[PDB]
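Participant: Input structure: model18.tsv, which contains TSV, C-alpha atoms and all ligand atoms.
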chain	number	residue	atom	x	y	z
A	1	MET	CA	-12.10	17.71	28.24
A	2	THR	CA	-15.23	19.07	26.54
A	3	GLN	CA	-13.49	20.92	23.68
A	4	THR	CA	-14.80	20.98	20.09
A	5	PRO	CA	-14.06	24.15	18.02
A	6	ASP	CA	-10.65	25.26	19.30
A	7	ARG	CA	-9.41	21.75	18.45
A	8	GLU	CA	-9.44	22.07	14.66
A	9	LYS	CA	-7.26	25.14	15.13
A	10	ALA	CA	-4.73	23.77	17.63
A	11	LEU	CA	-4.28	20.67	15.49
A	12	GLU	CA	-3.93	22.89	12.44
A	13	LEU	CA	-1.00	24.59	14.16
A	14	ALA	CA	0.52	21.30	15.27
A	15	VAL	CA	0.53	20.08	11.68
A	16	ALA	CA	1.76	23.47	10.40
A	17	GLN	CA	4.82	23.24	12.66
A	18	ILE	CA	5.43	19.56	11.94
A	19	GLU	CA	5.27	20.56	8.29
A	20	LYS	CA	7.87	23.31	8.63
A	21	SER	CA	10.25	21.39	10.92
A	22	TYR	CA	10.35	18.15	8.93
A	23	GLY	CA	9.09	19.30	5.56
A	24	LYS	CA	5.91	19.08	3.53
A	25	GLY	CA	4.28	15.66	3.61
A	26	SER	CA	5.41	14.88	7.14
A	27	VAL	CA	1.79	14.44	8.16
A	28	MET	CA	-1.34	14.15	6.07
A	29	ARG	CA	-4.89	12.89	6.07
A	30	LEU	CA	-5.39	10.01	3.66
A	31	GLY	CA	-8.33	12.00	2.31
A	32	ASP	CA	-6.29	15.14	1.60
A	33	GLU	CA	-6.12	16.81	-1.80
A	34	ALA	CA	-2.65	16.24	-3.22
A	35	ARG	CA	-0.27	19.14	-3.77
A	36	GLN	CA	0.25	19.80	-7.48
A	37	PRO	CA	3.91	20.24	-8.53
A	38	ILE	CA	5.11	21.82	-11.81
A	39	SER	CA	7.17	18.97	-13.21
A	40	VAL	CA	6.42	15.29	-12.81
A	41	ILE	CA	7.52	12.31	-14.94
A	42	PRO	CA	4.41	10.44	-16.09
A	43	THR	CA	4.62	6.67	-15.66
A	44	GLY	CA	2.73	5.82	-18.82
A	45	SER	CA	-0.37	4.51	-17.04
A	46	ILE	CA	-2.97	7.11	-16.18
A	47	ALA	CA	-3.99	4.85	-13.29
A	48	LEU	CA	-0.55	4.70	-11.68
A	49	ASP	CA	-0.18	8.39	-12.34
A	50	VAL	CA	-3.23	9.23	-10.23
A	51	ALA	CA	-2.44	6.58	-7.62
A	52	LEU	CA	0.73	8.58	-7.18
A	53	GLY	CA	-1.45	11.64	-6.69
A	54	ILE	CA	0.83	14.06	-8.50
A	55	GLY	CA	0.24	12.65	-11.97
A	56	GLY	CA	3.66	11.05	-12.22
A	57	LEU	CA	6.95	10.59	-10.41
A	58	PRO	CA	8.32	13.44	-8.28
A	59	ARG	CA	11.59	15.12	-9.23
A	60	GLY	CA	14.67	15.40	-7.05
A	61	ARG	CA	13.54	12.44	-4.97
A	62	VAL	CA	14.66	8.86	-4.58
A	63	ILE	CA	12.01	6.41	-5.80
A	64	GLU	CA	12.01	2.72	-4.95
A	65	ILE	CA	10.32	0.10	-7.08
A	66	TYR	CA	10.41	-3.22	-5.30
A	67	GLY	CA	8.67	-6.51	-5.90
A	68	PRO	CA	9.41	-10.07	-7.05
A	69	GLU	CA	10.99	-11.41	-10.25
A	70	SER	CA	9.33	-10.35	-13.50
A	71	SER	CA	6.60	-8.13	-12.03
A	72	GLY	CA	6.99	-5.05	-14.20
A	73	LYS	CA	9.55	-3.15	-12.19
A	74	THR	CA	12.11	-2.59	-14.93
A	75	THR	CA	9.25	-1.91	-17.34
A	76	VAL	CA	7.73	0.80	-15.13
A	77	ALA	CA	11.23	2.27	-14.75
A	78	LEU	CA	12.00	2.10	-18.46
A	79	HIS	CA	8.78	3.99	-19.09
A	80	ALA	CA	9.57	6.75	-16.61
A	81	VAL	CA	12.77	6.96	-18.65
A	82	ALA	CA	11.09	7.06	-22.07
A	83	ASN	CA	8.99	9.96	-20.80
A	84	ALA	CA	11.88	11.93	-19.31
A	85	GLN	CA	13.56	11.71	-22.70
A	86	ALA	CA	10.43	12.61	-24.66
A	87	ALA	CA	10.58	15.95	-22.84
A	88	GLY	CA	14.12	16.26	-24.08
A	89	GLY	CA	15.69	15.16	-20.83
A	90	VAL	CA	18.77	12.97	-20.45
A	91	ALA	CA	18.74	9.68	-18.50
A	92	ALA	CA	21.28	7.17	-17.13
A	93	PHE	CA	21.17	3.45	-16.32
A	94	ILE	CA	23.47	1.95	-13.67
A	95	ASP	CA	23.58	-1.71	-14.71
A	96	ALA	CA	24.72	-4.26	-12.12
A	97	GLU	CA	22.60	-7.10	-13.48
A	98	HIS	CA	23.43	-7.02	-17.17
A	99	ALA	CA	19.83	-7.90	-18.14
A	100	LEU	CA	18.64	-4.80	-20.01
A	101	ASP	CA	17.26	-5.61	-23.48
A	102	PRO	CA	17.34	-2.43	-25.60
A	103	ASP	CA	15.21	-3.93	-28.38
A	104	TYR	CA	12.38	-3.96	-25.82
A	105	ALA	CA	13.40	-0.65	-24.30
A	106	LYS	CA	13.28	0.93	-27.80
A	107	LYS	CA	9.77	-0.39	-28.35
A	108	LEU	CA	8.69	1.38	-25.15
A	109	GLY	CA	9.87	4.74	-26.42
A	110	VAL	CA	13.38	4.85	-25.06
A	111	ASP	CA	16.03	6.73	-26.98
A	112	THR	CA	18.44	3.87	-26.41
A	113	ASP	CA	21.11	5.61	-28.48
A	114	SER	CA	21.12	8.58	-26.11
A	115	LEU	CA	20.77	6.39	-23.03
A	116	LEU	CA	23.77	6.70	-20.73
A	117	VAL	CA	24.53	3.16	-19.62
A	118	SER	CA	27.02	2.27	-16.90
A	119	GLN	CA	28.19	-1.12	-15.67
A	120	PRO	CA	30.25	-0.69	-12.45
A	121	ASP	CA	32.73	-3.12	-10.94
A	122	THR	CA	31.67	-2.76	-7.32
A	123	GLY	CA	28.60	-1.59	-5.42
A	124	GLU	CA	30.43	1.53	-4.23
A	125	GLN	CA	31.51	2.54	-7.69
A	126	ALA	CA	27.89	2.25	-8.80
A	127	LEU	CA	26.63	4.87	-6.37
A	128	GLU	CA	29.71	7.06	-6.90
A	129	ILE	CA	29.21	7.14	-10.64
A	130	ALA	CA	25.57	7.82	-9.84
A	131	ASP	CA	26.39	10.72	-7.57
A	132	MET	CA	28.90	12.18	-10.03
A	133	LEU	CA	26.38	12.11	-12.84
A	134	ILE	CA	23.69	13.48	-10.56
A	135	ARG	CA	25.81	16.47	-9.47
A	136	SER	CA	26.48	17.47	-13.09
A	137	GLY	CA	22.91	18.73	-12.93
A	138	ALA	CA	22.57	17.42	-16.47
A	139	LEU	CA	20.64	14.20	-15.67
A	140	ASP	CA	16.87	14.13	-15.27
A	141	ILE	CA	16.25	10.53	-14.33
A	142	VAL	CA	18.69	7.84	-13.24
A	143	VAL	CA	17.78	4.17	-12.93
A	144	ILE	CA	19.92	1.82	-10.86
A	145	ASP	CA	18.96	-1.72	-11.76
A	146	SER	CA	18.96	-3.90	-8.67
A	147	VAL	CA	19.86	-2.90	-5.14
A	148	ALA	CA	20.41	-6.57	-4.39
A	149	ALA	CA	23.30	-6.54	-6.88
A	150	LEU	CA	25.47	-3.73	-5.48
A	151	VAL	CA	28.04	-5.92	-3.67
A	152	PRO	CA	30.69	-3.93	-1.69
A	153	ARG	CA	34.34	-3.85	-2.79
A	154	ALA	CA	35.27	-5.86	0.32
A	155	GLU	CA	33.12	-8.88	-0.35
A	156	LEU	CA	34.38	-8.64	-3.90
A	157	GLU	CA	37.98	-9.23	-2.72
A	158	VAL	CA	28.98	-8.29	7.99
A	159	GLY	CA	26.31	-5.71	7.10
A	160	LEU	CA	28.51	-3.98	4.52
A	161	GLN	CA	25.82	-3.37	1.89
A	162	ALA	CA	23.64	-1.87	4.65
A	163	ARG	CA	26.26	0.71	5.64
A	164	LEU	CA	27.00	1.17	1.94
A	165	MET	CA	23.47	2.19	1.03
A	166	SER	CA	23.16	4.33	4.15
A	167	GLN	CA	26.20	6.49	3.46
A	168	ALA	CA	25.68	6.53	-0.30
A	169	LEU	CA	22.04	7.54	0.11
A	170	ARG	CA	22.89	10.25	2.67
A	171	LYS	CA	25.19	12.04	0.23
A	172	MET	CA	23.17	11.32	-2.90
A	173	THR	CA	19.91	12.48	-1.30
A	174	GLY	CA	21.06	16.09	-1.08
A	175	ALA	CA	22.44	16.38	-4.60
A	176	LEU	CA	19.06	15.21	-5.85
A	177	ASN	CA	17.07	17.90	-4.06
A	178	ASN	CA	19.39	20.45	-5.67
A	179	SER	CA	19.42	18.98	-9.17
A	180	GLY	CA	15.78	17.99	-9.50
A	181	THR	CA	16.98	14.58	-10.63
A	182	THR	CA	14.72	11.77	-9.59
A	183	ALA	CA	16.51	8.46	-9.05
A	184	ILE	CA	14.81	5.08	-9.26
A	185	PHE	CA	16.21	2.11	-7.36
A	186	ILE	CA	15.02	-1.31	-8.47
A	187	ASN	CA	14.70	-3.86	-5.70
A	188	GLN	CA	14.27	-7.64	-5.83
A	189	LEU	CA	12.69	-9.83	-3.16
A	190	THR	CA	16.21	-6.76	2.67
A	191	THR	CA	19.99	-6.36	2.23
A	192	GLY	CA	20.56	-2.62	1.85
A	193	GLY	CA	16.88	-1.93	1.29
A	194	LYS	CA	16.68	-1.26	5.02
A	195	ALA	CA	17.69	2.39	4.57
A	196	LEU	CA	16.44	2.94	1.02
A	197	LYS	CA	13.08	2.30	2.64
A	198	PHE	CA	13.63	5.45	4.74
A	199	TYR	CA	15.31	7.78	2.25
A	200	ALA	CA	12.75	6.95	-0.38
A	201	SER	CA	10.03	9.58	-0.83
A	202	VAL	CA	7.98	7.09	-2.82
A	203	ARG	CA	7.95	3.33	-2.52
A	204	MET	CA	6.02	1.18	-4.97
A	205	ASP	CA	5.07	-2.47	-4.61
A	206	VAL	CA	4.71	-4.10	-8.04
A	207	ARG	CA	3.29	-7.60	-8.26
A	208	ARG	CA	1.93	-9.76	-11.10
A	209	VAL	CA	-1.78	-10.41	-10.60
A	210	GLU	CA	-3.07	-12.28	-13.68
A	211	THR	CA	-1.44	-13.54	-16.87
A	212	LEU	CA	-3.51	-11.54	-19.37
A	213	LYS	CA	-4.96	-13.91	-22.00
A	214	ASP	CA	-7.11	-13.55	-25.13
A	215	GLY	CA	-8.11	-16.66	-27.08
A	216	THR	CA	-4.53	-17.71	-27.82
A	217	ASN	CA	-1.81	-17.61	-25.14
A	218	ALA	CA	-0.89	-15.00	-22.54
A	219	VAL	CA	-0.23	-11.90	-24.66
A	220	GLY	CA	0.44	-9.84	-21.54
A	221	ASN	CA	0.05	-9.49	-17.77
A	222	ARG	CA	-2.07	-7.56	-15.32
A	223	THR	CA	0.26	-5.74	-12.93
A	224	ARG	CA	-0.86	-4.27	-9.61
A	225	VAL	CA	1.22	-1.49	-8.09
A	226	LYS	CA	0.71	-0.29	-4.57
A	227	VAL	CA	2.34	2.87	-3.31
A	228	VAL	CA	3.14	1.98	0.29
A	229	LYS	CA	5.03	5.20	0.81
A	230	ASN	CA	4.29	8.55	-0.72
A	231	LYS	CA	5.69	11.74	0.78
A	232	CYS	CA	4.18	13.80	-2.01
A	233	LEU	CA	0.62	12.53	-1.69
A	234	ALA	CA	-1.52	10.47	0.64
A	235	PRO	CA	-0.04	6.95	0.54
A	236	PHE	CA	-1.50	3.46	0.30
A	237	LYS	CA	-3.10	3.91	-3.10
A	238	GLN	CA	-2.99	1.15	-5.68
A	239	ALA	CA	-3.40	0.84	-9.42
A	240	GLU	CA	-3.72	-1.93	-11.99
A	241	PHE	CA	-2.64	-1.98	-15.61
A	242	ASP	CA	-1.61	-4.29	-18.43
A	243	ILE	CA	1.89	-4.93	-19.70
A	244	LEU	CA	1.70	-6.56	-23.11
A	245	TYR	CA	4.57	-8.89	-23.92
A	246	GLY	CA	6.95	-6.96	-26.13
A	247	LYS	CA	4.84	-3.81	-25.94
A	248	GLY	CA	5.23	-2.67	-22.33
A	249	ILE	CA	2.47	-0.75	-20.53
A	250	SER	CA	-0.76	-0.42	-22.51
A	251	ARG	CA	-1.54	3.28	-22.26
A	252	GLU	CA	-4.89	3.06	-24.02
A	253	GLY	CA	-5.74	0.15	-21.75
A	254	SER	CA	-5.55	2.51	-18.77
A	255	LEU	CA	-7.52	5.14	-20.65
A	256	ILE	CA	-10.40	2.69	-21.00
A	257	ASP	CA	-10.44	1.34	-17.42
A	258	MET	CA	-9.87	4.79	-15.96
A	259	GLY	CA	-12.39	6.02	-18.51
A	260	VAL	CA	-15.27	3.87	-17.32
A	261	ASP	CA	-14.27	4.41	-13.68
A	262	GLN	CA	-15.03	8.11	-14.15
A	263	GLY	CA	-18.23	8.00	-16.19
A	264	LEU	CA	-16.43	9.10	-19.35
A	265	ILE	CA	-16.85	5.76	-21.12
A	266	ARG	CA	-20.11	3.82	-21.21
A	267	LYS	CA	-20.28	0.03	-21.03
A	268	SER	CA	-23.46	-1.47	-22.44
A	269	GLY	CA	-22.57	-5.15	-22.55
A	270	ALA	CA	-19.26	-5.92	-24.25
A	271	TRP	CA	-19.61	-2.54	-25.96
A	272	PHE	CA	-17.44	0.42	-25.05
A	273	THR	CA	-19.11	3.67	-26.05
A	274	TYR	CA	-17.67	7.17	-25.60
A	275	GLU	CA	-19.85	10.27	-25.59
A	276	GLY	CA	-21.88	9.19	-28.62
A	277	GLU	CA	-19.96	7.04	-31.09
A	278	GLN	CA	-18.57	3.62	-30.16
A	279	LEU	CA	-15.00	2.60	-29.39
A	280	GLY	CA	-15.47	-1.13	-29.83
A	281	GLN	CA	-16.99	-4.40	-28.63
A	282	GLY	CA	-14.61	-5.99	-26.14
A	283	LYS	CA	-11.79	-4.22	-24.29
A	284	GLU	CA	-9.26	-5.47	-26.82
A	285	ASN	CA	-11.06	-3.86	-29.76
A	286	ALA	CA	-11.66	-0.81	-27.63
A	287	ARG	CA	-7.93	-0.93	-26.95
A	288	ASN	CA	-7.08	-1.29	-30.62
A	289	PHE	CA	-9.55	1.50	-31.42
A	290	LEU	CA	-7.73	4.05	-29.27
A	291	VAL	CA	-4.29	2.95	-30.42
A	292	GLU	CA	-4.96	3.79	-34.06
A	293	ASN	CA	-7.18	6.77	-33.26
A	294	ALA	CA	-4.63	8.63	-31.13
A	295	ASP	CA	-6.62	11.86	-31.45
A	296	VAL	CA	-9.57	10.65	-29.39
A	297	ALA	CA	-7.29	8.63	-27.12
A	298	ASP	CA	-5.59	11.87	-26.12
A	299	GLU	CA	-9.05	13.41	-25.63
A	300	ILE	CA	-9.95	10.84	-23.02
A	301	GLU	CA	-6.55	11.19	-21.31
A	302	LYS	CA	-7.02	14.97	-21.18
A	303	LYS	CA	-10.55	14.78	-19.75
A	304	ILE	CA	-9.56	12.50	-16.85
A	305	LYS	CA	-6.70	14.84	-15.95
A	306	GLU	CA	-9.25	17.67	-16.10
A	307	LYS	CA	-11.63	15.76	-13.83
A	308	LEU	CA	-9.06	14.97	-11.12
A	309	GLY	CA	-5.84	16.96	-11.46
B	401	LIG	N1	12.74	-8.19	-23.88
B	401	LIG	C1	11.48	-8.44	-23.57
B	401	LIG	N2	10.63	-8.84	-24.59
B	401	LIG	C2	9.33	-9.10	-24.29
B	401	LIG	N3	8.73	-9.02	-23.08
B	401	LIG	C3	9.60	-8.62	-22.09
B	401	LIG	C4	10.94	-8.32	-22.24
B	401	LIG	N4	11.50	-7.96	-21.05
B	401	LIG	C5	10.51	-8.05	-20.20
B	401	LIG	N5	9.33	-8.44	-20.75
B	401	LIG	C6	7.96	-8.71	-20.29
B	401	LIG	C7	7.77	-10.14	-19.84
B	401	LIG	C8	7.41	-10.08	-18.36
B	401	LIG	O1	6.14	-10.64	-18.06
B	401	LIG	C9	7.42	-8.63	-17.98
B	401	LIG	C10	8.42	-8.32	-16.89
B	401	LIG	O2	8.65	-6.93	-16.61
B	401	LIG	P1	9.93	-6.47	-16.05
B	401	LIG	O3	9.89	-5.02	-15.81
B	401	LIG	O4	11.00	-6.92	-16.91
B	401	LIG	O5	9.89	-7.09	-14.56
B	401	LIG	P2	10.97	-6.94	-13.41
B	401	LIG	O6	12.02	-6.01	-13.96
B	401	LIG	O7	10.32	-6.71	-12.20
B	401	LIG	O8	11.56	-8.44	-13.40
B	401	LIG	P3	13.04	-9.16	-13.89
B	401	LIG	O9	13.59	-9.60	-12.67
B	401	LIG	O10	12.74	-10.37	-14.85
B	401	LIG	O11	14.05	-8.22	-14.46
B	401	LIG	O12	7.73	-7.88	-19.17
How does the structure come out when it is put into structure tokens?
Facilitator:
Amino acid sequence: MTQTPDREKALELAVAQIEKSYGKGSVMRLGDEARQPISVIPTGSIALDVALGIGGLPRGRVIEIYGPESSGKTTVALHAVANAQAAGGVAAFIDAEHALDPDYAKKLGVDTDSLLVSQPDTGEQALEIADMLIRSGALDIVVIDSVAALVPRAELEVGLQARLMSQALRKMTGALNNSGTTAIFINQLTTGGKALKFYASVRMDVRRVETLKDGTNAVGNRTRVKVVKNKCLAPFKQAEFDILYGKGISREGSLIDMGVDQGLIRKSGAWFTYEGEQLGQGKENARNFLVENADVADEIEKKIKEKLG
């Protein structure tokens, strides 16, 4: 063929139909401008929020946060919870690991007192209780800690967990689209993950990069999240942030990094300057600066969201 102009129109149609038959996000161009939804649960890391393209987690979708032991998964999830609550939303936690430490959760901004916690007796029950809560249309965000831990009733008394997820997720997936409840599934390191991989609209890969140090010992860790699946925005985008031991995700920390990576914060050797005055000498001070000077911190957050979306 020798075509050229009529191609960008035929393709356009193709896409358009693919879009309508299988839903928005069925095909995209990695370079495409992300759609901008109304509601979205911020993750608490401006970087991860943009890597997600929509500023936060989508609603009414199943999210999957997988990765190895102590990567930041539960942290990231607990944050998405602390934000859903901040907006006056109610959350639930389906515990099948019995490892949730509220003291920490509270420090992140979680209204632990109002947190609906469940601890099922079988993997089926877990999803059932999940579904039932979901359908009430009262929940905003539901976190199910560990897919690996939802053992079927049978085993508790041959690919059972696989079938279990499949069915469970088939049913649950519809109720979510109609309730606007986003559900997060934590995954270790794949059992029933085989299907979750497909039902999931967003799939994040969290891994621990470096053990953040500063003179003394490791006061935190540098986490790297990679969205390997994103049906709401072009996928394959990654982000890095710091989780300080006991503190969680350093918000300001992202403000700085994301700040300089957008020309909003100058770096003149150890010094972090922001449109005139100085923030501090050394990322930590800069960090500390923003944490006690919330006002400006918010200013920087606002300006990056104004510069991208
Ligand atoms: N109660 C706590 N107090 C202080 N730091 C904590 C606490 N819980 C977790 N962390 C810190 C230490 C770890 O480096 C980091 C782990 O994040 P986390 O979200 O708990 O990872 P994860 O959920 O992927 O792994 P895990 O399998 O251990 O549950 O957070």
Participant: Counting only C-alpha atoms, which of A:63, A:105, A:225, A:204 gets nearest to residue 169 (chain A)?
Facilitator: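 Once distances to residue 169 (chain A) are computed over only C-alpha atoms, the minimum belongs to A:63.
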Participant: Out of A:186, A:158, A:296, A:57, which residue has the shortest atom-to-atom distance to ligand LIG 401 (chain B) when counting only C-alpha atoms and all ligand atoms?
Facilitator: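 For ligand LIG 401 (chain B), the nearest of the given residues is A:186.
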Participant: Do you know which residues are at most 10 Å from residue 175 (chain A) counting all atoms listed in the file, after dropping those on the same chain fewer than 3 positions away, and could you put them as a ChimeraX atom specification?
Facilitator: /A:60-61,131-132,134-137,170-172,178-181
Participant: At a cut-off of 7 Å, can you tabulate as a Markdown table every residue of chain A near ligand LIG 401 (chain B) together with its closest atom pair and the distance in Å to one decimal, using only C-alpha atoms and all ligand atoms and ordering rows by chain then number?
Facilitator:
| residue | atom | partner | partner_atom | distance |
| --- | --- | --- | --- | --- |
| A:67 | CA | B:LIG401 | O7 | 6.5 |
| A:68 | CA | B:LIG401 | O7 | 6.2 |
| A:69 | CA | B:LIG401 | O9 | 4.0 |
| A:70 | CA | B:LIG401 | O8 | 2.9 |
| A:71 | CA | B:LIG401 | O7 | 4.0 |
| A:72 | CA | B:LIG401 | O3 | 3.3 |
| A:73 | CA | B:LIG401 | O7 | 3.6 |
| A:74 | CA | B:LIG401 | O3 | 3.4 |
| A:75 | CA | B:LIG401 | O3 | 3.5 |
| A:76 | CA | B:LIG401 | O3 | 6.2 |
| A:99 | CA | B:LIG401 | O11 | 6.9 |
| A:101 | CA | B:LIG401 | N1 | 5.2 |
| A:103 | CA | B:LIG401 | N1 | 6.7 |
| A:104 | CA | B:LIG401 | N1 | 4.7 |
| A:220 | CA | B:LIG401 | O1 | 6.7 |
| A:221 | CA | B:LIG401 | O1 | 6.2 |
| A:243 | CA | B:LIG401 | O12 | 6.6 |
| A:245 | CA | B:LIG401 | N3 | 4.2 |
| A:246 | CA | B:LIG401 | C2 | 3.7 |
| A:248 | CA | B:LIG401 | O12 | 6.6 |
Participant: Env of region 251-262 of chain A: 9 Å cut, atoms = all atoms listed in the file, seq-sep filter 4 positions within chain, self excluded. Answer as a list in words.
Facilitator: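 Everything that qualifies: residues 44, 45, 46, 47, 48, 240, 241, 242, 266, 267, 272, 274, 283, 284, 286, 287, 288, 289, 290, 291, 297, 298, 300, 301, 304 and 307 of chain A.
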Participant: Need the neighbours of (-6.6, 15.4, -14.6): which residues are at most 10 Å away, counting all atoms listed in the file, as an MDAnalysis selection string?
Facilitator: chainID A and resid 46 49:50 54:55 301:309
Participant: Taking into account only C-alpha atoms, which residue in the set A:142, A:162, A:148, A:15 is nearest to residue 82 (chain A)?
Facilitator: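 Distance minimum relative to residue 82 (chain A) lands on A:142.
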Participant: How many Å separate CA of residue 145 (chain A) from CA of residue 78 (chain A)?
Facilitator: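 Between CA of residue 145 (chain A) and CA of residue 78 (chain A) the gap works out to 10.4 Å.
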Participant: Compare A:219, A:95, A:81, A:233 by their minimum atom-to-atom distance to residue 247 (chain A), counting all atoms listed in the file, and give me the closest one.
Facilitator: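 The shortest atom-to-atom distance to residue 247 (chain A) comes from A:219.
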Participant: To one decimal place in Å, what is the distance between CA of residue 94 (chain A) and CA of residue 119 (chain A)?
Facilitator: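 These atoms are spaced 6.0 Å apart.
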Participant: Mind pulling up the distance from CA of residue 239 (chain A) to CA of residue 51 (chain A)?
Facilitator: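 Those two atoms sit 6.1 Å apart.
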Participant: Tell me which protein, DNA and RNA residues are within 12 Å of residue 24 (chain A), counting only C-alpha atoms, leaving out same-chain ones fewer than 5 positions away, and put them as a PDB file with C-alpha atoms, in the coordinates of the input.
Facilitator:
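The result, stored in out06.pdb:
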ATOM      1  CA  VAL A  15       0.530  20.080  11.680  1.00  0.00           C
ATOM      2  CA  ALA A  16       1.760  23.470  10.400  1.00  0.00           C
ATOM      3  CA  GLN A  17       4.820  23.240  12.660  1.00  0.00           C
ATOM      4  CA  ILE A  18       5.430  19.560  11.940  1.00  0.00           C
ATOM      5  CA  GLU A  19       5.270  20.560   8.290  1.00  0.00           C
ATOM      6  CA  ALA A  34      -2.650  16.240  -3.220  1.00  0.00           C
ATOM      7  CA  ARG A  35      -0.270  19.140  -3.770  1.00  0.00           C
ATOM      8  CA  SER A 201      10.030   9.580  -0.830  1.00  0.00           C
ATOM      9  CA  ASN A 230       4.290   8.550  -0.720  1.00  0.00           C
ATOM     10  CA  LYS A 231       5.690  11.740   0.780  1.00  0.00           C
ATOM     11  CA  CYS A 232       4.180  13.800  -2.010  1.00  0.00           C
ATOM     12  CA  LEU A 233       0.620  12.530  -1.690  1.00  0.00           C
ATOM     13  CA  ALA A 234      -1.520  10.470   0.640  1.00  0.00           C
TER      14      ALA A 234
END
Participant: For region 155-170 of chain A, I'd like the enclosing box, axis-aligned and padded by 5 Å on every side, reported as JSON with centre and edge lengths in Å to one decimal.
Facilitator:
{"center_x": 30.0, "center_y": 0.5, "center_z": 2.0, "size_x": 25.9, "size_y": 29.5, "size_z": 21.9}
Participant: Have a look at A:238, A:273, A:187, A:278 and name the one nearest to residue 66 (chain A); count only C-alpha atoms.
Facilitator: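 Once distances to residue 66 (chain A) are computed over only C-alpha atoms, the minimum belongs to A:187.
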Participant: Show me, as a ChimeraX atom specification, the residues that have an atom within 10 Å of residue 115 (chain A) when counting only C-alpha atoms, minus same-chain residues fewer than 6 positions from it.
Facilitator: /A:81-82,85,90-93,102
Participant: Restricting the calculation to all atoms listed in the file, which member of A:228, A:156, A:96, A:38 is positioned closest to residue 203 (chain A)?
Facilitator: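 Ranking A:228, A:156, A:96, A:38 by distance to residue 203 (chain A), first place goes to A:228.
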Participant: Quick one: everything within 12 Å of residue 154 (chain A), counting all atoms listed in the file, minus sequence neighbours fewer than 6 positions away in the same chain. Send it as a PyMOL selection string.
Facilitator: chain A and resi 121-124+160-161+164
